[PDB]
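Single-structure report; data block below.
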There are 2 protein chains.
Amino acid sequence: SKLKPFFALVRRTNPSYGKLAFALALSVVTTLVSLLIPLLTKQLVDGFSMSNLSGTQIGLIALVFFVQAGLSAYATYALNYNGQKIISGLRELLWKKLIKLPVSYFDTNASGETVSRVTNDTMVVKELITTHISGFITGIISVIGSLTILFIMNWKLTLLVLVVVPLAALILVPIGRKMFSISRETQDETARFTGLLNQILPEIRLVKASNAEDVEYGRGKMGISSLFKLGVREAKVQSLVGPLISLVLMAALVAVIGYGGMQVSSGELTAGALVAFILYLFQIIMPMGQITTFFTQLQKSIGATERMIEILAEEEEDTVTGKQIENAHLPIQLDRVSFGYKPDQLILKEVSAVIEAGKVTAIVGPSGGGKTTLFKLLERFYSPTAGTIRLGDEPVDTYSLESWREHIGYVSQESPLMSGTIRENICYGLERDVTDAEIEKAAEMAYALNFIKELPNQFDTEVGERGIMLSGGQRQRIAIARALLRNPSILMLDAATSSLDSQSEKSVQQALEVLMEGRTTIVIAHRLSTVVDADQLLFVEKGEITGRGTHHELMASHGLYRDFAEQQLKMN
Amino acid sequence: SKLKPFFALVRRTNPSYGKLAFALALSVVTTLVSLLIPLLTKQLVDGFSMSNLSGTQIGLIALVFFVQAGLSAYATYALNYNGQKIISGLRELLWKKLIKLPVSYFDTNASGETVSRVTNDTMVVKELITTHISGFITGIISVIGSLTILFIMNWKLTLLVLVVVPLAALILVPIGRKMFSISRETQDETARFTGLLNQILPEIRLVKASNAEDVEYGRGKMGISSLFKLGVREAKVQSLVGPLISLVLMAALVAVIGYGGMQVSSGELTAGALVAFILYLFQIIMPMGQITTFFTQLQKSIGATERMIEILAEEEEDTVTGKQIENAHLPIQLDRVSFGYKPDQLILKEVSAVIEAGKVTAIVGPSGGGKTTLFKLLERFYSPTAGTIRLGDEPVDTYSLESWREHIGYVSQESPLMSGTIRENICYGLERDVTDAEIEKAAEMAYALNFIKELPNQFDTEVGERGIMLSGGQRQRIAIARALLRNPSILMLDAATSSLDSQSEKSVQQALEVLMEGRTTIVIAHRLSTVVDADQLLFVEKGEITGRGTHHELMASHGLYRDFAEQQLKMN
Ligand SMILES: CCNc1cc2oc3c/c(=[NH+]\CC)c(C)cc-3c(-c3ccccc3C(=O)OCC)c2cc1C
Ligand SMILES: CCNc1cc2oc3c/c(=[NH+]\CC)c(C)cc-3c(-c3ccccc3C(=O)OCC)c2cc1C
């Protein structure tokens, strides 16, 4: 069950799989030749001892084996590179699916966290696929072969005591656990004392007023004395362990080395044998813990793998957006409409409205954000849970999500910017038309970007790594230029009367209206200052609509009932 | 030399000198004995080796020296215990004066920092005194003696190559540095890629509106391909270093072991000499990093010492207060009051006020540099600098703060239940009389204390762990009970009345005012339903009282500009 989804998504980066069949095999010989490296080492060492100034043939074969082992270690670069290619392909597919995935996923699952999950969970899978698989294979092969060559290397002479040495060292483990437990006790008491002081200290005011200094100091003294009387036991245990570990670690070593010297070395063990023995020890003890590291990394990477496959299993926007082409220029009306994050838990309910072409329209409702979902519905972002959008025969579903979107267009208010790419930032949402110079006509039709025409002279200047350093007016001018360059004129603007103290807004108001005059557009606002200009208003409630009429009757009934009271709170 | 300032606070508690001398003498004994241990190990090993029936005397001497070394390592407990004692003394003195410090220390130096210093700067001094001093001494002694006995035990032959091997590690080290640098490059590129696409993604709204996600995928592709093309260089350089470092290590080990083999095979170096050699090798290689850790920990801890000695300065607050006793039931005046943290940094300008002996008095005005600081200045938390508090011939400025606080009571809006049982919470300010079963006798009339006065346990209630077992609004009743038990005289209450909706405030106010029927009180009462019972008011304009008079006509005169509308707004 573990490896099935893992391979199911790894196979997506298919074409390099055969390469693995090389590298893994190139790994295996790397291990197997490794298994024989100490042996030749022996044949080299005793080669000097038995035959001083040894012959050329054994030297040549030793050299060719060494270069073979080194070149195989280099060829492990092939494994690492294949892993890197797999990771890059996986992450590229992940990014593609994430970008073209429904925005519906984003607002509910902490996109500022999935952003880091991509990189972290890809790095863990990288670590699984690059060195941990080879690590486990080489570890099992190394331990088995090393133990076998050890058996061959002595008639059950020093391996038995060698293996018994950890059996004797088992005595060390309970004392280490006792150390860990009492150290945790010290940490807990330190935390308790720190918490006691942190709690009792800001009350210095009260305790001083009460003139109860002595009781305060007594509580502190009790705490500190408790800490001291626990640290004393810490010291006792440490003093007892010190010799009890150092002596055993020295005794095991002296026992093994003395038994090797006196007995075995007298009759059987050559120096070239002992060097290969040490090499085998250093080659067996080193990779052994790597199997446990492999197991835990494999578990974690399997979890990351489930996360990734969950991410990829969510694609729907592609076939949805590739639909009938349109030409827009039709008034927009909503019949009974409902919406919610869940099919039966609804944020919007039983709402309907009408918006004639050319007439500017605005939306006002509760400050909690109820109007937001309706706005997103008007610009056809979330598919309506229930209801229909009035058009000619209401075909709103069959239209492409690029086409209708690009004819209707979009602009925003609440500080979207990009850093040091001003002209390309203008060209950001453009259809593929480079428009090298003619965009100047847009730059002058902005009616406010003219004031900032010095920046087009630099044409690229950077204001900050995150872009926000350019003031809100600059971004508003850039946005209105974008809107001009997108379509002749169709617009919706967000959060018009929710910030900027109405001042800079008005400074760019002069820029926008004279360009959007006599054109269908929708505006989101919380205050009446700009919406009462010439605009048809829609009064919204908690997931409900009641306001109908253009300005005056809607005011005199609902504003007199609701909107006047709330807008009087925003006078200051 | 900084050691004299360090010992100046170290010697502030001084029972440790004799135990220090004993412990360090035992420590140097441990060092010398451990230095001579490997010779005894050699003698024991050789006696087991050269003779099959090693005499009981040699083994007995080995055992007795082993027991001596173990017992001396045990005696290092004396050093550790002495260190714990000196730490406890240091921390106890630090607390004893810290709790005595003026409030002006705490309102400027924060609460959490101080306690963090108390724990961490003490722990580092413990690490300095307990282990690291002995560590450095034993390290230098061990390295010198081990090198000497390496010179003498074996000829220069083995030692020269043994030391040249680290000189051969000059081949290893720069490539490790190259690894570290390129790995840091990989980390930086990962951070850059994460930051770029983290900036990109939340604009999903705008880009999907612009349906230009193709450019987005292009940017993602460029970034991801850059990361891949740097990771490939990472992998290449890693695969180059691997075999090189492995080969150098194998060569060093094979060279040293082979040379030893010819030595044994040829003659000076005996097996016991070899085990002594190995033991010395480990014994010298352990503390070489320990001395560096000593140096860095000492460098860190000197700053701790400076912080500690900085703490041990300002004991004046509760030392200057042992002056004079008084009855203190007289009306009070304030003259020429213009105060602040520093003469340059003024928080108040020249003001004067009068408060009577039997009626209610409150202070009202803006928060910023207003009511609050004058309230603290009246409660003697901040010492007088240029103004006078008149209780006669300015006697309060010369009277004891103990007496003044004995004749005063303090209750607060925050009302935090201090740690401990409700018994000590109620009798906190009056430890001088035990009041076993008469604490409650004067608390019944409290119209809101009765809500908890039926408590069956009636004493077992405590803070728990954060003070939530009884409500903060209930802690108001506990505090008023404390006040009625303690103070038969003048009282102050702190209350940001434009907070907590005041719904329960009257529910407790109805009690506190009634039980203070004839006691002078000063309160923060800027809200409407609290100035009503305030009688005389003190109106702050900006760090200044611009009017002194009775409740109603005073707000009538002061609301000609601001008070009326502001207070009608506050009640919302
Ligand atoms: C037998 C060969 N193996 C060892 C021999 C050792 O001898 C040591 C002698 C010393 N001089 C005598 C005072 C001191 C100061 C520390 C020693 C340490 C040591 C150093 C730092 C931290 C812990 C220890 C440690 O584990 O020591 C055990 C008490 C040590 C460690 C090992 C592995
Ligand atoms: C083919 C299986 N995979 C490996 C096999 C390895 O074999 C090694 C043998 C050695 N001697 C025998 C001649 C030495 C000295 C280092 C070795 C390293 C090694 C090299 C540099 C840094 C750390 C290590 C390392 O693994 O040490 C971890 C403690 C090593 C590393 C890997 C991945």
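Here, residue 1 is simply the first one shown, and the rest follow in order.
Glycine too: its Cβ is placed from the backbone N, Cα and C atoms.
Annotated ATP binding site per Swiss-Prot: B:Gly365, B:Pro366, B:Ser367, B:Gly368, B:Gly369, B:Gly370, B:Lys371, B:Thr372, in sequence order, evidence recorded as a curator's inference. Taken from Swiss-Prot, the feature domain 'ABC transmembrane type-1' applies to B:20-300, supported by sequence analysis. Annotation comment: Swiss-Prot describes B:20-40, B:58-78, B:133-153, B:155-175, B:240-260, B:269-289 as transmembrane segment.
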Based on Cβ atoms within 10 Å, give me the single least packed residue among the binding-site residues B:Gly365, B:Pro366, B:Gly368, B:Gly369, B:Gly370. B:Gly368
Same-chain residues near the transmembrane segment (B:155-175), Cβ under 8 Å, at least 6 residues beyond its ends: 147, 241, 244-245, 248-249, 252, 255-256, 259-260, 263, 268-269, 277, 281
Verify whether three or more Cβ pairs under 8 angstroms connect the transmembrane segment (B:240-260) with the transmembrane segment (B:20-40), leaving out any pair fewer than 6 apart in sequence. no
Same chain, not part of B:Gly365, B:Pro366, B:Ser367, B:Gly368, B:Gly369, B:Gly370, B:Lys371, B:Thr372: whose C-beta falls within 8 angstroms of the C-beta centre of the ATP site? Give them in sequence order. B:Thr373, B:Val540, B:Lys542, B:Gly543
Can you tell me how many other Cβ atoms are located within 10 Å of the Cβ belonging to B:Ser367 (ATP binding site)? 13
In the same chain, which residue numbers or ranges, 6 or more beyond the ends of the transmembrane segment (B:240-260), come under 8 angstroms Cβ to Cβ? 158, 161-162, 165, 168, 171-172, 175-176, 178-179, 269, 274
Within-chain partners of the transmembrane segment (B:58-78) [C-beta distance under 8 Å, separation at least 6 from its ends]: 19, 22-23, 26-27, 29-30, 33-34, 36-37, 40-41, 43-44, 47, 134
Among B:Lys371, B:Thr372, the one of these binding-site residues whose Cβ has the fewest neighbouring Cβ atoms within 10 Å: B:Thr372
